[PDB]
Protein chains: 2
Amino acid sequence: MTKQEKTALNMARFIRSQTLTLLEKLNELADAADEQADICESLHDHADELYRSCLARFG
Amino acid sequence: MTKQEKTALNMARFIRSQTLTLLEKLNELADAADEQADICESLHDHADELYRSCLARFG
């Protein structure tokens, strides 16, 4: 991979992990963050899809 | 807002900014990251929607 590709891939990994952490936090807030947790569940799946796509293309 | 809500809101802001940075990086790679940039454009819009939702609910 190029160095520029590696930066992007590392950032995609980081975003996937951050979105999981946020999902956990929103889930822990229960009813007080219910709709937000549902949006974040989708967000995390989308971050995972991006990471996988980068890995397959660059790697 | 609660302190737990503030943590979540701050994290949602951070993720929105990180996804924009990644989008810029993927766009700069042009054809070499085209599909990934298209996924990331959607990802950033979804992060913006999450942030806005948290802000309106917690704030």
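The numbers here are math on the coordinates, done by the rules we state, and not lab data. Every residue, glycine among them, receives a Cβ derived from its backbone with ideal geometry; neighbour counts consider all protein chains shown.
How tilted is helix B:3-28 with respect to the longest principal axis of chain B? Cα atoms for both, answer in degrees (0 to 90, nearest 10).
Helix B:3-28 sits at roughly 10 degrees to that axis.
Between copies, how close do the residue B:55 label points come, placed 7 Å along Cα→Cβ, listed in nm from shortest?
Those separations, rounded to one decimal, come out as 3.3 nm.
Please enumerate, by chain and number, the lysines with C-alpha under 27 Å from the C-alpha of residue A:3, excluding those fewer than 8 residues away in the same chain.
Leaving aside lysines fewer than 8 places away in the same chain, those within reach of residue A:3 are B:25.
Stick to the Cα atoms of chain A, pair each with every other, and give me the Kirkwood hydrodynamic radius in Å at one decimal.
12.1
Using the Cβ atoms and a cut-off under 12 Å, what net charge is assigned to the surroundings of residue A:57, where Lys and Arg are +1 and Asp and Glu are -1?
-3
Scale the Cα Rg of the protein assembly as shown by the rule-of-thumb value 2.2 N^0.38 Å and send over the ratio, two decimals.
Against the empirical 2.2 N^0.38 Å value, I get 1.07 for the protein assembly as shown.
So, in nm, how far is label residue B:24 from label residue A:35 when the simple model puts each one 7 Å beyond its Cα toward the Cβ?
Label at residue B:24, label at residue A:35, 3.1 nm between them.
Could you work out the helix-only [θ] at 222 nm for chain A, with each DSSP H run of four or more residues adding -39,500 (n - 2.57) and the total divided by the number of residues, to the nearest 500 deg cm²/dmol?
Result for chain A, helices only: -30500 deg cm²/dmol.
Going 7 Å from Cα along the Cα-Cβ axis for the label, what nanometre distances separate residue A:30 from the same residue across the other copies?
Relative to the other copies, residue A:30 has label-point distances of 5.5 nm.
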